[PDB]
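Dumped input_16.pdb below, it's PDB, C-alpha atoms (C1' of nucleotides):
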```pdb
ATOM      1  CA  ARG A   1      36.011 -19.694   8.494  1.00  0.00           C
ATOM      2  CA  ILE A   2      32.620 -18.994  10.081  1.00  0.00           C
ATOM      3  CA  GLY A   3      31.137 -22.454   9.532  1.00  0.00           C
ATOM      4  CA  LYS A   4      33.839 -24.345  11.458  1.00  0.00           C
ATOM      5  CA  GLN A   5      33.263 -22.990  14.972  1.00  0.00           C
ATOM      6  CA  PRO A   6      31.686 -24.789  17.959  1.00  0.00           C
ATOM      7  CA  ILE A   7      28.530 -23.225  19.382  1.00  0.00           C
ATOM      8  CA  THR A   8      29.676 -21.864  22.756  1.00  0.00           C
ATOM      9  CA  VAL A   9      26.718 -22.788  24.968  1.00  0.00           C
ATOM     10  CA  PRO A  10      27.074 -21.260  28.469  1.00  0.00           C
ATOM     11  CA  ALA A  11      25.552 -22.431  31.747  1.00  0.00           C
ATOM     12  CA  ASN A  12      21.763 -22.713  32.256  1.00  0.00           C
ATOM     13  CA  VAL A  13      21.189 -22.788  28.483  1.00  0.00           C
ATOM     14  CA  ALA A  14      19.203 -25.891  27.547  1.00  0.00           C
ATOM     15  CA  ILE A  15      19.738 -27.194  24.012  1.00  0.00           C
ATOM     16  CA  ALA A  16      16.633 -28.755  22.446  1.00  0.00           C
ATOM     17  CA  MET A  17      17.244 -30.441  19.075  1.00  0.00           C
ATOM     18  CA  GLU A  18      14.105 -31.389  17.133  1.00  0.00           C
ATOM     19  CA  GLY A  19      13.236 -32.659  13.664  1.00  0.00           C
ATOM     20  CA  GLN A  20      14.343 -29.896  11.280  1.00  0.00           C
ATOM     21  CA  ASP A  21      14.086 -27.364  14.131  1.00  0.00           C
ATOM     22  CA  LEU A  22      16.161 -25.855  16.937  1.00  0.00           C
ATOM     23  CA  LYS A  23      14.409 -25.048  20.224  1.00  0.00           C
ATOM     24  CA  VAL A  24      16.841 -23.335  22.570  1.00  0.00           C
ATOM     25  CA  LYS A  25      15.732 -22.751  26.172  1.00  0.00           C
ATOM     26  CA  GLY A  26      17.668 -19.918  27.766  1.00  0.00           C
ATOM     27  CA  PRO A  27      16.724 -18.097  30.972  1.00  0.00           C
ATOM     28  CA  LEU A  28      15.465 -15.047  29.022  1.00  0.00           C
ATOM     29  CA  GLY A  29      13.319 -16.713  26.359  1.00  0.00           C
ATOM     30  CA  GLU A  30      12.896 -19.718  24.046  1.00  0.00           C
ATOM     31  CA  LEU A  31      13.904 -18.845  20.485  1.00  0.00           C
ATOM     32  CA  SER A  32      12.868 -21.260  17.735  1.00  0.00           C
ATOM     33  CA  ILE A  33      14.442 -21.566  14.265  1.00  0.00           C
ATOM     34  CA  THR A  34      13.677 -24.124  11.534  1.00  0.00           C
ATOM     35  CA  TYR A  35      16.707 -25.882  10.020  1.00  0.00           C
ATOM     36  CA  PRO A  36      17.569 -25.257   6.350  1.00  0.00           C
ATOM     37  CA  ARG A  37      16.994 -27.950   3.746  1.00  0.00           C
ATOM     38  CA  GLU A  38      20.755 -28.603   3.394  1.00  0.00           C
ATOM     39  CA  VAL A  39      22.055 -28.334   6.992  1.00  0.00           C
ATOM     40  CA  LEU A  40      22.061 -31.221   9.484  1.00  0.00           C
ATOM     41  CA  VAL A  41      23.381 -30.487  12.978  1.00  0.00           C
ATOM     42  CA  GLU A  42      25.402 -32.716  15.317  1.00  0.00           C
ATOM     43  CA  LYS A  43      26.121 -32.598  19.050  1.00  0.00           C
ATOM     44  CA  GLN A  44      29.010 -34.048  21.056  1.00  0.00           C
ATOM     45  CA  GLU A  45      27.291 -34.641  24.430  1.00  0.00           C
ATOM     46  CA  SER A  46      28.126 -31.189  25.843  1.00  0.00           C
ATOM     47  CA  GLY A  47      27.473 -27.494  25.293  1.00  0.00           C
ATOM     48  CA  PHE A  48      29.022 -27.506  21.813  1.00  0.00           C
ATOM     49  CA  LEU A  49      26.796 -27.776  18.746  1.00  0.00           C
ATOM     50  CA  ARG A  50      28.164 -28.155  15.220  1.00  0.00           C
ATOM     51  CA  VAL A  51      26.085 -27.468  12.129  1.00  0.00           C
ATOM     52  CA  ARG A  52      27.125 -29.616   9.178  1.00  0.00           C
ATOM     53  CA  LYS A  53      26.423 -29.526   5.460  1.00  0.00           C
ATOM     54  CA  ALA A  54      24.149 -32.213   4.037  1.00  0.00           C
ATOM     55  CA  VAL A  55      25.122 -32.012   0.347  1.00  0.00           C
ATOM     56  CA  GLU A  56      28.188 -30.764  -1.546  1.00  0.00           C
ATOM     57  CA  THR A  57      26.824 -27.573  -3.103  1.00  0.00           C
ATOM     58  CA  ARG A  58      27.191 -23.803  -3.000  1.00  0.00           C
ATOM     59  CA  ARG A  59      23.921 -23.018  -1.193  1.00  0.00           C
ATOM     60  CA  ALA A  60      24.936 -25.259   1.716  1.00  0.00           C
ATOM     61  CA  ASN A  61      28.128 -23.190   1.872  1.00  0.00           C
ATOM     62  CA  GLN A  62      25.904 -20.098   2.040  1.00  0.00           C
ATOM     63  CA  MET A  63      23.587 -21.306   4.809  1.00  0.00           C
ATOM     64  CA  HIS A  64      26.428 -23.177   6.525  1.00  0.00           C
ATOM     65  CA  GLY A  65      28.141 -20.017   7.741  1.00  0.00           C
ATOM     66  CA  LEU A  66      24.821 -18.135   7.724  1.00  0.00           C
ATOM     67  CA  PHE A  67      23.069 -20.740   9.865  1.00  0.00           C
ATOM     68  CA  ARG A  68      26.215 -21.129  12.001  1.00  0.00           C
ATOM     69  CA  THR A  69      26.261 -17.502  13.106  1.00  0.00           C
ATOM     70  CA  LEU A  70      22.453 -17.421  13.299  1.00  0.00           C
ATOM     71  CA  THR A  71      22.537 -20.256  15.840  1.00  0.00           C
ATOM     72  CA  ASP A  72      25.340 -18.321  17.549  1.00  0.00           C
ATOM     73  CA  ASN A  73      22.870 -15.429  17.756  1.00  0.00           C
ATOM     74  CA  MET A  74      20.284 -17.884  19.112  1.00  0.00           C
ATOM     75  CA  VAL A  75      22.426 -19.133  22.000  1.00  0.00           C
ATOM     76  CA  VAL A  76      24.051 -15.780  22.802  1.00  0.00           C
ATOM     77  CA  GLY A  77      20.644 -14.177  22.211  1.00  0.00           C
ATOM     78  CA  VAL A  78      18.765 -16.249  24.781  1.00  0.00           C
ATOM     79  CA  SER A  79      21.687 -16.457  27.238  1.00  0.00           C
ATOM     80  CA  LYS A  80      22.909 -12.854  27.582  1.00  0.00           C
ATOM     81  CA  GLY A  81      20.754 -10.819  25.198  1.00  0.00           C
ATOM     82  CA  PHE A  82      21.624  -7.975  22.856  1.00  0.00           C
ATOM     83  CA  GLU A  83      21.401  -4.245  23.524  1.00  0.00           C
ATOM     84  CA  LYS A  84      21.591  -1.245  21.204  1.00  0.00           C
ATOM     85  CA  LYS A  85      22.707   2.210  22.355  1.00  0.00           C
ATOM     86  CA  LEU A  86      20.840   4.908  20.433  1.00  0.00           C
ATOM     87  CA  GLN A  87      21.437   8.603  21.064  1.00  0.00           C
ATOM     88  CA  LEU A  88      19.334  11.658  20.214  1.00  0.00           C
ATOM     89  CA  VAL A  89      21.817  14.386  19.286  1.00  0.00           C
ATOM     90  CA  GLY A  90      20.890  18.018  19.829  1.00  0.00           C
ATOM     91  CA  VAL A  91      18.513  20.267  21.741  1.00  0.00           C
ATOM     92  CA  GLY A  92      14.815  19.460  22.037  1.00  0.00           C
ATOM     93  CA  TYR A  93      15.312  15.874  20.820  1.00  0.00           C
ATOM     94  CA  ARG A  94      13.897  14.311  23.971  1.00  0.00           C
ATOM     95  CA  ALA A  95      12.805  10.690  24.324  1.00  0.00           C
ATOM     96  CA  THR A  96      10.750   9.177  27.122  1.00  0.00           C
ATOM     97  CA  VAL A  97       8.440   6.290  27.939  1.00  0.00           C
ATOM     98  CA  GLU A  98       4.640   5.992  28.025  1.00  0.00           C
ATOM     99  CA  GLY A  99       4.311   2.641  29.791  1.00  0.00           C
ATOM    100  CA  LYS A 100       3.351   0.619  26.744  1.00  0.00           C
ATOM    101  CA  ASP A 101       4.626   3.145  24.180  1.00  0.00           C
ATOM    102  CA  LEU A 102       7.679   5.351  23.647  1.00  0.00           C
ATOM    103  CA  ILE A 103       7.368   9.012  22.672  1.00  0.00           C
ATOM    104  CA  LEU A 104       9.998  10.935  20.685  1.00  0.00           C
ATOM    105  CA  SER A 105      10.020  14.733  20.522  1.00  0.00           C
ATOM    106  CA  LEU A 106      12.187  15.115  17.409  1.00  0.00           C
ATOM    107  CA  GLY A 107      11.497  18.677  16.276  1.00  0.00           C
ATOM    108  CA  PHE A 108       8.297  17.762  14.431  1.00  0.00           C
ATOM    109  CA  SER A 109       4.834  19.225  14.969  1.00  0.00           C
ATOM    110  CA  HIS A 110       3.766  16.271  17.116  1.00  0.00           C
ATOM    111  CA  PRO A 111       6.137  13.905  18.957  1.00  0.00           C
ATOM    112  CA  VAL A 112       6.165  10.404  17.492  1.00  0.00           C
ATOM    113  CA  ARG A 113       4.239   7.890  19.611  1.00  0.00           C
ATOM    114  CA  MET A 114       6.085   4.748  18.539  1.00  0.00           C
ATOM    115  CA  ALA A 115       5.050   1.484  20.195  1.00  0.00           C
ATOM    116  CA  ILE A 116       7.751  -0.741  21.675  1.00  0.00           C
ATOM    117  CA  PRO A 117       7.012  -4.488  21.492  1.00  0.00           C
ATOM    118  CA  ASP A 118       6.737  -6.843  24.445  1.00  0.00           C
ATOM    119  CA  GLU A 119       9.981  -8.693  23.654  1.00  0.00           C
ATOM    120  CA  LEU A 120      12.167  -5.577  24.010  1.00  0.00           C
ATOM    121  CA  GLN A 121      12.926  -3.872  27.321  1.00  0.00           C
ATOM    122  CA  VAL A 122      14.008  -0.343  26.450  1.00  0.00           C
ATOM    123  CA  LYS A 123      15.319   2.152  28.977  1.00  0.00           C
ATOM    124  CA  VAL A 124      16.019   5.885  28.956  1.00  0.00           C
ATOM    125  CA  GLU A 125      18.642   6.360  31.661  1.00  0.00           C
ATOM    126  CA  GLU A 126      19.432   9.838  30.313  1.00  0.00           C
ATOM    127  CA  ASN A 127      16.996  11.989  28.290  1.00  0.00           C
ATOM    128  CA  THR A 128      18.898  11.759  24.989  1.00  0.00           C
ATOM    129  CA  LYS A 129      20.392   8.264  24.729  1.00  0.00           C
ATOM    130  CA  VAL A 130      18.045   5.257  24.605  1.00  0.00           C
ATOM    131  CA  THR A 131      19.171   1.699  25.382  1.00  0.00           C
ATOM    132  CA  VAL A 132      17.015  -0.727  23.389  1.00  0.00           C
ATOM    133  CA  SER A 133      17.404  -4.071  25.175  1.00  0.00           C
ATOM    134  CA  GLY A 134      16.183  -7.392  23.862  1.00  0.00           C
ATOM    135  CA  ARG A 135      16.724 -11.097  23.352  1.00  0.00           C
ATOM    136  CA  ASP A 136      17.211 -11.555  19.601  1.00  0.00           C
ATOM    137  CA  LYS A 137      19.558  -9.278  17.659  1.00  0.00           C
ATOM    138  CA  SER A 138      17.297  -8.925  14.606  1.00  0.00           C
ATOM    139  CA  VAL A 139      14.348  -7.453  16.523  1.00  0.00           C
ATOM    140  CA  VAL A 140      16.662  -5.019  18.356  1.00  0.00           C
ATOM    141  CA  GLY A 141      18.171  -4.011  15.017  1.00  0.00           C
ATOM    142  CA  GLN A 142      14.825  -3.623  13.251  1.00  0.00           C
ATOM    143  CA  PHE A 143      13.238  -1.547  16.010  1.00  0.00           C
ATOM    144  CA  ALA A 144      16.462   0.428  16.496  1.00  0.00           C
ATOM    145  CA  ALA A 145      16.475   1.137  12.763  1.00  0.00           C
ATOM    146  CA  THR A 146      12.775   2.025  13.035  1.00  0.00           C
ATOM    147  CA  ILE A 147      13.537   4.661  15.680  1.00  0.00           C
ATOM    148  CA  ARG A 148      16.532   5.656  13.524  1.00  0.00           C
ATOM    149  CA  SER A 149      14.311   6.007  10.411  1.00  0.00           C
ATOM    150  CA  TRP A 150      12.839   9.366  11.530  1.00  0.00           C
ATOM    151  CA  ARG A 151      15.815  11.735  11.954  1.00  0.00           C
ATOM    152  CA  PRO A 152      19.113  10.436  10.583  1.00  0.00           C
ATOM    153  CA  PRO A 153      22.113  12.658  11.393  1.00  0.00           C
ATOM    154  CA  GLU A 154      22.453  15.196   8.596  1.00  0.00           C
ATOM    155  CA  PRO A 155      26.031  16.378   7.901  1.00  0.00           C
ATOM    156  CA  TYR A 156      25.462  20.146   7.941  1.00  0.00           C
ATOM    157  CA  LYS A 157      23.010  19.857  10.824  1.00  0.00           C
ATOM    158  CA  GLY A 158      25.241  17.482  12.805  1.00  0.00           C
ATOM    159  CA  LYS A 159      22.140  16.663  14.787  1.00  0.00           C
ATOM    160  CA  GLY A 160      19.850  13.632  14.655  1.00  0.00           C
ATOM    161  CA  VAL A 161      19.458  10.103  16.045  1.00  0.00           C
ATOM    162  CA  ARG A 162      22.730   8.167  15.876  1.00  0.00           C
ATOM    163  CA  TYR A 163      24.075   5.245  17.864  1.00  0.00           C
ATOM    164  CA  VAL A 164      27.278   5.232  19.902  1.00  0.00           C
ATOM    165  CA  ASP A 165      30.825   5.260  18.336  1.00  0.00           C
ATOM    166  CA  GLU A 166      29.620   5.127  14.742  1.00  0.00           C
ATOM    167  CA  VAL A 167      31.411   7.628  12.511  1.00  0.00           C
ATOM    168  CA  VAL A 168      29.085  10.191  10.909  1.00  0.00           C
ATOM    169  CA  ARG A 169      29.914  12.305   7.860  1.00  0.00           C
ATOM    170  CA  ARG A 170      29.890  16.031   8.635  1.00  0.00           C
ATOM    171  CA  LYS A 171      30.363  19.106   6.457  1.00  0.00           C
ATOM    172  CA  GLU A 172      31.545  22.630   7.202  1.00  0.00           C
ATOM    173  CA  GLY A 173      29.332  24.958   5.145  1.00  0.00           C
TER     174      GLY A 173
ATOM    175  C1'   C B   1     -45.816  34.707 -30.779  1.00  0.00           C
ATOM    176  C1'   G B   2     -47.099  41.654 -34.779  1.00  0.00           C
ATOM    177  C1'   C B   3     -43.557  44.164 -31.403  1.00  0.00           C
ATOM    178  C1'   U B   4     -42.721  44.494 -26.358  1.00  0.00           C
ATOM    179  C1'   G B   5     -43.460  43.644 -20.305  1.00  0.00           C
ATOM    180  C1'   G B   6     -43.138  39.882 -16.775  1.00  0.00           C
ATOM    181  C1'   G B   7     -44.108  34.193 -15.276  1.00  0.00           C
ATOM    182  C1'   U B   8     -46.061  28.651 -12.831  1.00  0.00           C
ATOM    183  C1'   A B   9     -44.819  23.436 -14.090  1.00  0.00           C
ATOM    184  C1'   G B  10     -40.653  21.355 -17.457  1.00  0.00           C
ATOM    185  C1'   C B  11     -35.345  21.907 -19.412  1.00  0.00           C
ATOM    186  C1'   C B  12     -30.831  24.486 -18.116  1.00  0.00           C
ATOM    187  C1'   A B  13     -26.570  27.111 -15.409  1.00  0.00           C
ATOM    188  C1'   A B  14     -24.338  31.391 -14.218  1.00  0.00           C
ATOM    189  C1'   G B  15     -27.534  28.825  -9.362  1.00  0.00           C
ATOM    190  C1'   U B  16     -27.801  24.938  -5.571  1.00  0.00           C
ATOM    191  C1'   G B  17     -25.826  20.105  -2.856  1.00  0.00           C
ATOM    192  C1'   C B  18     -22.129  16.166  -3.000  1.00  0.00           C
ATOM    193  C1'   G B  19     -17.559  13.529  -4.330  1.00  0.00           C
ATOM    194  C1'   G B  20     -12.228  12.452  -4.886  1.00  0.00           C
ATOM    195  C1'   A B  21     -11.715   7.933   1.548  1.00  0.00           C
ATOM    196  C1'   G B  22      -8.334   3.873   3.353  1.00  0.00           C
ATOM    197  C1'   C B  23      -1.609   2.346  10.369  1.00  0.00           C
ATOM    198  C1'   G B  24      -6.120  -1.603   3.381  1.00  0.00           C
ATOM    199  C1'   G B  25      -2.429  -5.718   0.275  1.00  0.00           C
ATOM    200  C1'   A B  26       1.983  -6.306  -2.668  1.00  0.00           C
ATOM    201  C1'   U B  27       5.756  -3.677  -5.004  1.00  0.00           C
ATOM    202  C1'   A B  28       9.456   0.009  -8.587  1.00  0.00           C
ATOM    203  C1'   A B  29      13.676   3.600  -7.072  1.00  0.00           C
ATOM    204  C1'   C B  30      15.802   4.049  -2.158  1.00  0.00           C
ATOM    205  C1'   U B  31      16.932   3.604   3.315  1.00  0.00           C
ATOM    206  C1'   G B  32      17.582  -0.524   6.204  1.00  0.00           C
ATOM    207  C1'   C B  33      17.795  -5.188  10.158  1.00  0.00           C
ATOM    208  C1'   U B  34      20.351  -9.477  11.268  1.00  0.00           C
ATOM    209  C1'   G B  35      23.934 -11.910   7.414  1.00  0.00           C
ATOM    210  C1'   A B  36      27.204 -15.600   4.857  1.00  0.00           C
ATOM    211  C1'   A B  37      30.486 -17.080  -0.692  1.00  0.00           C
ATOM    212  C1'   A B  38      36.757 -14.670   0.579  1.00  0.00           C
ATOM    213  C1'   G B  39      36.805 -15.921  10.306  1.00  0.00           C
ATOM    214  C1'   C B  40      36.739  -7.880   7.760  1.00  0.00           C
ATOM    215  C1'   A B  41      32.604  -6.365   5.189  1.00  0.00           C
ATOM    216  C1'   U B  42      28.148  -5.945   2.260  1.00  0.00           C
ATOM    217  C1'   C B  43      19.928  -4.187   1.940  1.00  0.00           C
ATOM    218  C1'   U B  44      20.308 -10.710   0.163  1.00  0.00           C
ATOM    219  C1'   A B  45      22.559 -15.334  -1.404  1.00  0.00           C
ATOM    220  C1'   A B  46      18.064 -17.760   3.846  1.00  0.00           C
ATOM    221  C1'   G B  47      14.403 -14.768   6.325  1.00  0.00           C
ATOM    222  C1'   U B  48      12.490  -9.735   7.054  1.00  0.00           C
ATOM    223  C1'   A B  49      11.063  -4.067   7.993  1.00  0.00           C
ATOM    224  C1'   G B  50       9.404   1.574   6.199  1.00  0.00           C
ATOM    225  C1'   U B  51       7.578   3.384   1.461  1.00  0.00           C
ATOM    226  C1'   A B  52       5.249   6.321  -4.568  1.00  0.00           C
ATOM    227  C1'   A B  53      -0.469  10.631  -7.320  1.00  0.00           C
ATOM    228  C1'   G B  54       2.178   4.090  -9.805  1.00  0.00           C
ATOM    229  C1'   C B  55      -0.568  -1.830  -9.564  1.00  0.00           C
ATOM    230  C1'   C B  56      -4.696  -4.339  -7.052  1.00  0.00           C
ATOM    231  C1'   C B  57      -8.671  -4.044  -3.594  1.00  0.00           C
ATOM    232  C1'   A B  58     -12.104  -0.829  -1.163  1.00  0.00           C
ATOM    233  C1'   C B  59     -15.436   3.728  -3.755  1.00  0.00           C
ATOM    234  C1'   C B  60     -20.426   4.764  -7.694  1.00  0.00           C
ATOM    235  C1'   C B  61     -23.200   2.278 -11.598  1.00  0.00           C
ATOM    236  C1'   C B  62     -24.229  -1.813 -15.203  1.00  0.00           C
ATOM    237  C1'   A B  63     -23.593  -6.864 -14.612  1.00  0.00           C
ATOM    238  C1'   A B  64     -24.997 -15.238 -14.734  1.00  0.00           C
ATOM    239  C1'   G B  65     -25.777 -14.784 -23.160  1.00  0.00           C
ATOM    240  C1'   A B  66     -19.974 -15.418 -16.735  1.00  0.00           C
ATOM    241  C1'   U B  67     -23.364 -21.120 -22.473  1.00  0.00           C
ATOM    242  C1'   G B  68     -18.827 -21.727 -16.448  1.00  0.00           C
ATOM    243  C1'   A B  69     -25.832 -19.400 -18.180  1.00  0.00           C
ATOM    244  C1'   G B  70     -25.176 -18.718 -10.342  1.00  0.00           C
ATOM    245  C1'   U B  71     -27.688 -18.613  -5.234  1.00  0.00           C
ATOM    246  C1'   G B  72     -32.128 -17.758  -1.988  1.00  0.00           C
ATOM    247  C1'   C B  73     -37.644 -17.207  -1.193  1.00  0.00           C
ATOM    248  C1'   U B  74     -42.440 -18.040  -3.239  1.00  0.00           C
ATOM    249  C1'   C B  75     -46.712 -19.557  -6.904  1.00  0.00           C
ATOM    250  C1'   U B  76     -48.805 -23.481 -10.390  1.00  0.00           C
ATOM    251  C1'   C B  77     -49.420 -28.250 -13.114  1.00  0.00           C
ATOM    252  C1'   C B  78     -56.030 -30.101 -12.703  1.00  0.00           C
ATOM    253  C1'   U B  79     -61.033 -33.349 -15.474  1.00  0.00           C
ATOM    254  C1'   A B  80     -61.804 -37.271 -18.886  1.00  0.00           C
TER     255        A B  80
END
```

Show the structure stored in the file as structure tokens.
Amino acid sequence: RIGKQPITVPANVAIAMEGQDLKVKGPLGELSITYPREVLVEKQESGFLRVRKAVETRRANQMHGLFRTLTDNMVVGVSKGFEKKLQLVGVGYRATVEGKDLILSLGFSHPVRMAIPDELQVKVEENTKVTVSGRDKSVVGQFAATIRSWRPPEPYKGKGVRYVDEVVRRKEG
RNA sequence: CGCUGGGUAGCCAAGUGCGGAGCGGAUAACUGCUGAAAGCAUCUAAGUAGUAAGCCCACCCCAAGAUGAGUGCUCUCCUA
């Protein structure tokens, strides 16, 4: 299952294990997550962490696999980083950068002046598609959903803000 | 007011001014972000984001008999 899998820690990724807390030190940030009340972690003198249950119960079997893949997202998050590939479908849906902010002409009256945070490096390499880059997957997903929460792709319109190779329902009439 | 014609100050509107503000807080329905119990998944079981004329606060007034009777400033207790 999920919970029995060694944490693949790559090179130049320092593991810091503290009292009820994980402090990872990757080259692209230091993510910090408090341990659950029923999960105690063990290490075998290398780049392989193993979270372990502390009590025979159901909730430790919830946060065992949950906390397992969350620490996987910690180590892979601070080592390589996660990127989302949004795409503005259609004509006039242009997206560009204002230094600290990001502006989205989406067919409204005024283009949306949505502020990117400091932890995410976004890039517009072509005027439609926007690569939201970041360390942690949850912030990339929340801000990518926040940009997505203005114009979802309508089926008859066939034209909105969708991310790459995700199947979208379309209709003929 | 004998019946009429006008009218100051009052009162009144039909007249004249003003109000109904909030990237303030938490939510209901819903859309989600990572995401496990069934190595696939799923808005949730951990955490968390947008958001209702609805709830609360802010808004105007009364208001410590709020007996839980508040707080601050100031005055006065003399003669045998």

How many Å separate atom CA of residue A:4 from atom CA of residue A:141?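 Distance reported for this atom pair: 25.9 Å.
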
A:111, A:158, A:173, A:36: which is nearest residue A:64, counting only C-alpha atoms?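 Looking only at the distances to residue A:64, the closest residue turns out to be A:36.
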
For stretch 55-59 of chain B, find every residue with an atom within 9 Å (counting all atoms listed in the file), except residues of its own chain fewer than 5 positions away, and show them as a PyMOL selection string. chain B and resi 21-22+24-27

Can you tell me which residues surround residue A:163 at a distance of at most 6 Å, considering all atoms listed in the file, apart from same-chain residues fewer than 3 positions away, and format the answer as a ChimeraX atom specification? /A:85-87

Within 6 Å of chain A, which residues belong to chain B? Use only C-alpha atoms (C1' of nucleotides) and report them as an NGL selection string. :B and (33-34 or 36 or 39)

Keeping only C-alpha atoms (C1' of nucleotides), take the residues you just selected and write them out as a PDB file, in the frame of the given file.
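Result saved to part06.pdb:
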```pdb
ATOM      1  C1'   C B  33      17.795  -5.188  10.158  1.00  0.00           C
ATOM      2  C1'   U B  34      20.351  -9.477  11.268  1.00  0.00           C
ATOM      3  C1'   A B  36      27.204 -15.600   4.857  1.00  0.00           C
ATOM      4  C1'   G B  39      36.805 -15.921  10.306  1.00  0.00           C
TER       5        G B  39
END
```

Which distance in Å separates atom CA of residue A:125 and atom CA of residue A:100, to one decimal?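 Atom CA of residue A:100 lies at a distance of 17.1 Å from atom CA of residue A:125.
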
Distance in Å - atom CA of residue A:24 versus atom CA of residue A:130: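 Interatomic distance, atom CA of residue A:24 to atom CA of residue A:130: 28.7 Å.
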
Fewer than 4 positions away in the same chain doesn't count, so skip those; otherwise give me all residues within 12 Å of residue B:28, counting only C-alpha atoms (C1' of nucleotides), as a PyMOL selection string. chain B and resi 51-52+54-55

Write out as lines of an AutoDock Vina configuration file an axis-aligned box for stretch 43-51 of chain B: all of its atoms listed in the file, 8 Å added on each side, centre and edge lengths in Å with one decimal.
```
center_x = 15.1
center_y = -7.2
center_z = 3.3
size_x = 31.0
size_y = 37.1
size_z = 25.4
```

Pick from A:34, A:57, A:131, A:79, whichever lies nearest to residue A:95 using only C-alpha atoms: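 Between A:34, A:57, A:131, A:79, the residue approaching residue A:95 most closely is A:131.
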
Which one of B:40, B:75, B:68, B:60 sits closest to residue B:20 if you count only C-alpha atoms (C1' of nucleotides)? B:60

Using the chain letters and residue numbers of this document, give as an mmCIF file with C-alpha atoms, in the coordinates of the input the residues selected by the PyMOL selection byres ((chain A and resi 127) around 9).
```
data_model
loop_
_atom_site.group_PDB
_atom_site.id
_atom_site.type_symbol
_atom_site.label_atom_id
_atom_site.label_comp_id
_atom_site.auth_asym_id
_atom_site.auth_seq_id
_atom_site.Cartn_x
_atom_site.Cartn_y
_atom_site.Cartn_z
ATOM 1 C CA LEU A 88 19.334 11.658 20.214
ATOM 2 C CA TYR A 93 15.312 15.874 20.820
ATOM 3 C CA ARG A 94 13.897 14.311 23.971
ATOM 4 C CA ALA A 95 12.805 10.690 24.324
ATOM 5 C CA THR A 96 10.750 9.177 27.122
ATOM 6 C CA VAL A 124 16.019 5.885 28.956
ATOM 7 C CA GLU A 125 18.642 6.360 31.661
ATOM 8 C CA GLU A 126 19.432 9.838 30.313
ATOM 9 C CA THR A 128 18.898 11.759 24.989
ATOM 10 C CA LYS A 129 20.392 8.264 24.729
ATOM 11 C CA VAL A 130 18.045 5.257 24.605
#
```

Carefully work through the PyMOL selection byres ((chain A and resi 47) around 9) for this structure and note down the residues it includes, as a PyMOL selection string. chain A and resi 6-11+13-15+43-46+48-49

Report as an MDAnalysis selection string the residues that result from applying the PyMOL selection byres ((chain A and resi 29) around 9) to the structure here. chainID A and resid 24:28 30:31 77:79 135

Once N, CA, C and O atoms are restored for stretch 38-47 of chain A, what would the output be as an mmCIF file, in the coordinates of the input?
```
data_model
loop_
_atom_site.group_PDB
_atom_site.id
_atom_site.type_symbol
_atom_site.label_atom_id
_atom_site.label_comp_id
_atom_site.auth_asym_id
_atom_site.auth_seq_id
_atom_site.Cartn_x
_atom_site.Cartn_y
_atom_site.Cartn_z
ATOM 1 N N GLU A 38 19.452 -28.029 3.710
ATOM 2 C CA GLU A 38 20.755 -28.603 3.394
ATOM 3 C C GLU A 38 21.713 -28.590 4.580
ATOM 4 O O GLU A 38 22.921 -28.765 4.383
ATOM 5 N N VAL A 39 21.217 -28.388 5.799
ATOM 6 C CA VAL A 39 22.055 -28.334 6.992
ATOM 7 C C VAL A 39 21.515 -29.330 8.010
ATOM 8 O O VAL A 39 20.355 -29.232 8.425
ATOM 9 N N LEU A 40 22.353 -30.287 8.403
ATOM 10 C CA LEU A 40 22.061 -31.221 9.484
ATOM 11 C C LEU A 40 23.061 -30.991 10.609
ATOM 12 O O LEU A 40 24.269 -30.914 10.362
ATOM 13 N N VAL A 41 22.562 -30.884 11.838
ATOM 14 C CA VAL A 41 23.381 -30.487 12.978
ATOM 15 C C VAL A 41 23.765 -31.729 13.778
ATOM 16 O O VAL A 41 23.071 -32.755 13.756
ATOM 17 N N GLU A 42 24.913 -31.655 14.452
ATOM 18 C CA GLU A 42 25.402 -32.716 15.317
ATOM 19 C C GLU A 42 25.827 -32.125 16.654
ATOM 20 O O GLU A 42 26.158 -30.940 16.762
ATOM 21 N N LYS A 43 25.825 -32.979 17.676
ATOM 22 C CA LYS A 43 26.121 -32.598 19.050
ATOM 23 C C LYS A 43 27.083 -33.622 19.639
ATOM 24 O O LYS A 43 27.004 -34.809 19.314
ATOM 25 N N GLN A 44 27.992 -33.161 20.500
ATOM 26 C CA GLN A 44 29.010 -34.048 21.056
ATOM 27 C C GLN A 44 28.870 -34.093 22.579
ATOM 28 O O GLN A 44 29.840 -33.881 23.317
ATOM 29 N N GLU A 45 27.627 -34.297 23.041
ATOM 30 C CA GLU A 45 27.291 -34.641 24.430
ATOM 31 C C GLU A 45 27.693 -33.554 25.429
ATOM 32 O O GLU A 45 27.966 -33.845 26.597
ATOM 33 N N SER A 46 27.725 -32.301 24.989
ATOM 34 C CA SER A 46 28.126 -31.189 25.843
ATOM 35 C C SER A 46 27.488 -29.918 25.296
ATOM 36 O O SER A 46 26.591 -29.967 24.447
ATOM 37 N N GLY A 47 27.958 -28.770 25.777
ATOM 38 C CA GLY A 47 27.473 -27.494 25.293
ATOM 39 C C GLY A 47 28.226 -26.999 24.075
ATOM 40 O O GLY A 47 28.722 -25.868 24.058
#
```
